[PDB]
Amino acid sequence: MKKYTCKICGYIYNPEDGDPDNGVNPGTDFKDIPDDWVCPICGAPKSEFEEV
Ligand SMILES: [Zn+2]
């Protein structure tokens with residue numbers, strides 16, 4: 001699985017780390033994150049993300 005980054009702020013979603021505080025377990029491929037999840041830094045939607 002690949003890392004994704006927020007086009008707005010530069011946050012990196014690392015699938016090996018997930019975002020567990022917001023319910024995204026380690027091992028979650030970006031496509032599988034629930035589509036109401038937002039960037040934990042700037043609040044951007046998934047649609048603003050891209051592969052590193
Ligand atoms: Zn962001």
# chains A, B, ... in the order shown; residues from 1 in each chain; ligands from 1
>>> residues_near_ligand(ligand="ligand 1", cutoff="12 Å", atoms="only C-alpha atoms and all ligand atoms", output="VMD selection string")
chain A and resid 4 to 13 37 to 50
>>> select_by_dssp(residues="chain A", states="helix (DSSP H, G or I)", output="PyMOL selection string")
chain A and resi 20-22+30-32+46-48
>>> select_by_dssp(residues="chain A", states="strand (DSSP E or B)", output="ChimeraX atom specification")
/A:4-6,12-13,19,24,38,45,49-51
>>> residues_around(residues="stretch 20-27 of chain A", least_positions_apart="5", cutoff="9 Å", atoms="only C-alpha atoms", output="PyMOL selection string")
chain A and resi 1+14-15+33-34+37+40
